[PDB]
Amino acid sequence: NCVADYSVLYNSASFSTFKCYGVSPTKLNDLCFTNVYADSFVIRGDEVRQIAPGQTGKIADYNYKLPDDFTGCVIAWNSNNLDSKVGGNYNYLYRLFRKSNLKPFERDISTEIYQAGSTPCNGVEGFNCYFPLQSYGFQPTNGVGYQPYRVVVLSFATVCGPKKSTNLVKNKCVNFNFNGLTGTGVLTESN
Amino acid sequence: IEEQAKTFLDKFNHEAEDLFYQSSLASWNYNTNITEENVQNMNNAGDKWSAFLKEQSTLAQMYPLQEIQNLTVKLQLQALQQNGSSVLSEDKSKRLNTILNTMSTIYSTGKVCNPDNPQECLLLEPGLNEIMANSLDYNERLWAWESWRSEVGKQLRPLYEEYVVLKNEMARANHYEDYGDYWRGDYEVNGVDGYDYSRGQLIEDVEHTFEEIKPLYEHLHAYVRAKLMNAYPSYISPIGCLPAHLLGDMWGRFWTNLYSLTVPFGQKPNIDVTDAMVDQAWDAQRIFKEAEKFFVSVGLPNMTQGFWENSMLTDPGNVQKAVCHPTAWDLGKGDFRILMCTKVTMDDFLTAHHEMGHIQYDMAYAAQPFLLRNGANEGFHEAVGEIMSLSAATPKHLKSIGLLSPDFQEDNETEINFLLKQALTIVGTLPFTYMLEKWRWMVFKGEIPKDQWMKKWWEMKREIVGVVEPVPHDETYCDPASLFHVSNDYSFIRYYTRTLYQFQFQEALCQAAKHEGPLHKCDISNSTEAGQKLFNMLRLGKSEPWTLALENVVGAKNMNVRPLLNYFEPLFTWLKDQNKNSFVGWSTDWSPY
Ligand SMILES: *[C@@H]1O[C@H](CO)[C@@H](O[C@@H]2O[C@H](CO)[C@@H](O)[C@H](O)[C@H]2NC(C)=O)[C@H](O)[C@H]1NC(C)=O
Ligand SMILES: *[C@@H]1O[C@H](CO)[C@@H](O[C@@H]2O[C@H](CO)[C@@H](O)[C@H](O)[C@H]2NC(C)=O)[C@H](O)[C@H]1NC(C)=O
Ligand SMILES: *[C@@H]1O[C@H](CO)[C@@H](O[C@@H]2O[C@H](CO)[C@@H](O)[C@H](O)[C@H]2NC(C)=O)[C@H](O)[C@H]1NC(C)=O
Ligand SMILES: *[C@@H]1O[C@H](CO)[C@@H](O[C@@H]2O[C@H](CO)[C@@H](O)[C@H](O)[C@H]2NC(C)=O)[C@H](O)[C@H]1NC(C)=O
Ligand SMILES: *[C@@H]1O[C@H](CO)[C@@H](O[C@@H]2O[C@H](CO)[C@@H](O)[C@H](O)[C@H]2NC(C)=O)[C@H](O)[C@H]1NC(C)=O
Ligand SMILES: *[C@@H]1O[C@H](CO)[C@@H](O)[C@H](O)[C@H]1NC(C)=O
């Protein structure tokens, strides 16, 4: 239920990489659709390479699966100056292990100790069983592949892009389009 | 079963790198800002790093290595599961630590008193080594050389006779039959098919290559003797071994300081570019950017940007307490940086090519697992730096990078003046480098007993190096321990293998570069294949073994010395005309006293 200026994101100078995976970036004004959800998170720069349609590895298999048939887009930008700390900004959390492979758009927030091969386990994470949650200690001195990137995903009726309007020429023979009605004529101020 | 071992080491690789980072951050901050407040910080960070590392080792030990199939996970289990230390009983561990601390304090604080004037005393580096490097009074040197041994070296005797026990009991407890076999273990390779390698085979291949050096060394020795006979007349026989106090430092480890006494053509000035560096008014930034211009010219990667903000290349503007020791840092998290105290000199320009050549290694394997981000053996990690030094020392690079004028000229008298200074450094040390490891290998196995230690040492100085005791020694002395590499617990075979590999790594890329002359004249600039055949090995680290890595660069399944000897065929061509009336090699039986 809003008009979505999506191409202004694509034309802005701040973002480091942006791509779309069911749509071209010039058609981002022409889109109209029922509902969408926007996603956001902070991740390491070389691991953003997993955050495209259908891919494998770490985030894509154990946190956040994108499908090969993703009608959507992803936008990513460097964030050292706010999202890294000299002591390592361990507030950001990632999953290293989980059974099965995630369904596209699947989320999980529960955890149990991983028990690879076969063993019982009740805390401690000592031998053959592992706590799967880990923290990302981002530091302002990291090499580019380990620097923090701010990342957004767009999961493409109520939401058309911006409907462009021209100047309005009066007293002349003109072709015209007013909302959805088209014609040709002379336009004059009525009483 | 393997997924337990994979998930356990995947967790090590995600856990460890953070702790490695905030340990090495305090160590970086200490070395650039030296304060007790940063010493205590780097101590208490390094403590928590070790307390993690040793715990993860006893966890890795529960996983049976015979349940593994994959090669990667196997080498990372074997790197973390290894004891080494902590196999000793707690008292014997502290006794070894007590001996190590005692040999460390003896070597670092060892004063030598002047018998002409007892109120003046010298430490080793700030005075006693200076005599050996830059004085020509035979008796002042002989005093400095024998007084290091008698007033300091003697202190290490009763300690080395007990270090050799506790280190062998440590090796044995690990099922390495001696501590020499334990140090040889770096070069070992297993289960890779064909490219496997043995601890004992390292002895056989060092001794199979050493005899190819001897015909060159016995001409270079007879030449260095024929020149030392003019600097030290009546003291030296025309056929003799060389008196050890005349070899240019406290042990005779390199002949490079004998140049001014030994030079082929003292009437021709050997090349420099320190003048062109100050004529263009270069700084550390320019020197290292001209090095990055060399690296992008062969076509290796650029720096990761953060190298320039986070490295230190000159001293600070403050009269800040910081170490001037040029050091390559990999901190983890992709953070590569150099720390040094640089000064505008062509030696520092070669340094820049060398230390950025170390960072190109640290950078290339950075996608490999953390337990695997190291040199394929301890000789590779310096040989990969020194090829970038040697390519940059050439008159072709120096003229084409604009450091020599277009109308500067070079001649055959200049070519031999360079090659002899290379040989006094590269060839003269190889006998010593084989000899020191061989003596230690034979001590740790017990082929030399404690009642023949100093006896066999000097019999080997006379048989391998052609060098004679200036003054008699017996089993009250410890001349091996009077050197840093013995008293502070360092393996030394890395220098032999590196001094082989440097010339293999050179000639492999000289073929790729279409090089047209003698091996020293080679430059790997503007080329693609010379960067590409190298990058195939540089991306490995430890993730594939050195025996296989040599086949990717050179096409050799094992180490060779031919390439080194080919870098000296033009100098041997000159020695064969100079030395015709010389006694080639030496009489082992002569003595100066
Ligand atoms: C060496 O580094 C330390 C810490 O990095 C400096 O010590 C203090 O650093 C804090 C920053 O957290 C400043 O607020 C203090 O003013 C510093 N102390 C002093 C006495 O200035 C220290 O200054 C550095 N060394 C030098 C010579 O500047
Ligand atoms: C076990 O060995 C296999 C191959 O012998 C490795 O498999 C490769 O894994 C990477 C990423 O893990 C993939 O991109 C490759 O395509 C795989 N190769 C093949 C041929 O399938 C595997 O990585 C090894 N195990 C570990 C933990 O490294
Ligand atoms: C590391 O050293 C120990 C000896 O200090 C090796 O033997 C184990 O010793 C512990 C007590 O410290 C015993 O509980 C274990 O039962 C011993 N191991 C076995 C196999 O029974 C240990 O094996 C060494 N590590 C390796 C890789 O061999
Ligand atoms: C450098 O090059 C010159 C020219 O080739 C060498 O001079 C020759 O030396 C040989 C050996 O003594 C003589 O047979 C020739 O007669 C010399 N040439 C001429 C034109 O007279 C010179 O000896 C070379 N020096 C070195 C160190 O290689
Ligand atoms: C090797 O690389 C250097 C660096 O690009 C080349 O130097 C250029 O040479 C041309 C003509 O010789 C000059 O006009 C340029 O100004 C030089 N560039 C720089 C940055 O100084 C050199 O030509 C290359 N060698 C070959 C054989 O191509
Ligand atoms: C390396 O950086 C320079 C600018 O300093 C640039 O010209 C060059 O293209 C970069 N190297 C590569 C491989 O692109």
# chains A, B, ... in the order shown; residues from 1 in each chain; ligands from 1
call {"tool": "residues_around", "arguments": {"residues": "residue 193 of chain B", "least_positions_apart": "4", "cutoff": "12 Å", "atoms": "only C-alpha atoms", "output": "CSV table (one decimal) with N, CA and C atoms, in the first residue's frame"}}
result
chain,number,residue,atom,x,y,z
B,71,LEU,N,42.1,-36.2,3.1
B,71,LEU,CA,43.4,-35.6,3.4
B,71,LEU,C,43.5,-34.3,4.2
B,189,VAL,N,56.1,-36.3,4.5
B,189,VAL,CA,54.9,-36.4,3.7
B,189,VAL,C,54.4,-37.8,3.7
B,197,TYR,N,57.4,-38.6,1.6
B,197,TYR,CA,58.7,-38.2,2.0
B,197,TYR,C,59.1,-38.6,3.5
B,545,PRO,N,51.5,-30.6,0.0
B,545,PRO,CA,52.9,-30.7,0.5
B,545,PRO,C,54.0,-30.2,-0.5
B,547,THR,N,56.8,-31.4,-1.6
B,547,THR,CA,57.2,-32.3,-2.7
B,547,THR,C,56.4,-32.2,-3.9
B,548,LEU,N,55.0,-32.0,-3.8
B,548,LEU,CA,54.1,-31.8,-4.9
B,548,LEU,C,54.2,-30.3,-5.4
B,557,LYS,N,60.1,-33.3,-8.8
B,557,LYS,CA,59.4,-34.1,-7.7
B,557,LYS,C,60.1,-33.9,-6.3
call {"tool": "residues_around", "arguments": {"residues": "residue 364 of chain B", "least_positions_apart": "6", "cutoff": "12 Å", "atoms": "only C-alpha atoms", "output": "PyMOL selection string"}}
result
chain B and resi 300-304+330+334+336+357-358+373-375+384+531-532+534-542
call {"tool": "write_last_selection", "arguments": {"atoms": "C-alpha atoms", "output": "compact mmCIF listing (two decimals), in the first residue's frame"}}
result
# COMPACT_ATOMS: atom_id res chain seq x y z
CA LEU B 300 50.59 -10.68 -9.01
CA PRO B 301 47.69 -9.18 -6.87
CA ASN B 302 47.64 -5.61 -5.48
CA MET B 303 47.62 -5.03 -1.67
CA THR B 304 44.21 -5.28 0.19
CA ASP B 330 49.70 -11.75 9.33
CA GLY B 334 42.69 -10.78 6.29
CA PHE B 336 48.43 -8.14 6.39
CA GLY B 357 57.20 -10.73 -1.23
CA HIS B 358 56.54 -12.30 2.24
CA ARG B 373 48.06 -20.87 6.35
CA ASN B 374 51.88 -21.42 6.55
CA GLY B 375 54.86 -22.28 4.26
CA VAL B 384 59.55 -16.93 -1.92
CA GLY B 531 53.35 -14.79 -11.93
CA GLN B 532 50.88 -17.58 -12.95
CA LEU B 534 54.09 -19.08 -9.02
CA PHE B 535 50.45 -18.29 -7.96
CA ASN B 536 49.50 -22.01 -8.42
CA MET B 537 51.98 -22.78 -5.53
CA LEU B 538 51.41 -19.53 -3.55
CA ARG B 539 47.65 -20.30 -3.13
CA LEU B 540 48.55 -23.61 -1.32
CA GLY B 541 50.35 -22.81 1.98
CA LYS B 542 50.31 -26.23 3.79
call {"tool": "residues_near_ligand", "arguments": {"ligand": "ligand 2", "cutoff": "12 Å", "atoms": "only C-alpha atoms and all ligand atoms", "output": "MDAnalysis selection string"}}
result
(chainID A and resid 55:58) or (chainID B and resid 2:11 13 68:77 367:369 372 543)
call {"tool": "closest_atom_pairs", "arguments": {"of": "chain A", "to": "chain B", "cutoff": "7 Å", "atoms": "only C-alpha atoms", "output": "CSV"}}
result
residue,atom,partner,partner_atom,distance
A:116,CA,B:4,CA,5.1
A:117,CA,B:4,CA,6.2
A:127,CA,B:59,CA,6.9
A:128,CA,B:4,CA,5.5
A:137,CA,B:18,CA,6.8
A:141,CA,B:335,CA,6.6
A:142,CA,B:333,CA,5.2
A:143,CA,B:334,CA,4.0
A:144,CA,B:304,CA,6.9
A:145,CA,B:334,CA,7.0
A:146,CA,B:333,CA,5.9
call {"tool": "closest_atom_pairs", "arguments": {"of": "chain B", "to": "ligand 1", "cutoff": "8 Å", "atoms": "only C-alpha atoms and all ligand atoms", "output": "CSV"}}
result
residue,atom,partner,partner_atom_place_in_ligand_line,distance
B:29,CA,ligand 1,5 (O),7.0
B:30,CA,ligand 1,1 (C),8.0
B:33,CA,ligand 1,1 (C),4.8
B:34,CA,ligand 1,1 (C),7.3
B:35,CA,ligand 1,1 (C),7.1
B:37,CA,ligand 1,3 (C),7.9
B:38,CA,ligand 1,2 (O),7.5
B:318,CA,ligand 1,27 (C),7.5
B:320,CA,ligand 1,27 (C),5.8
B:321,CA,ligand 1,27 (C),7.6
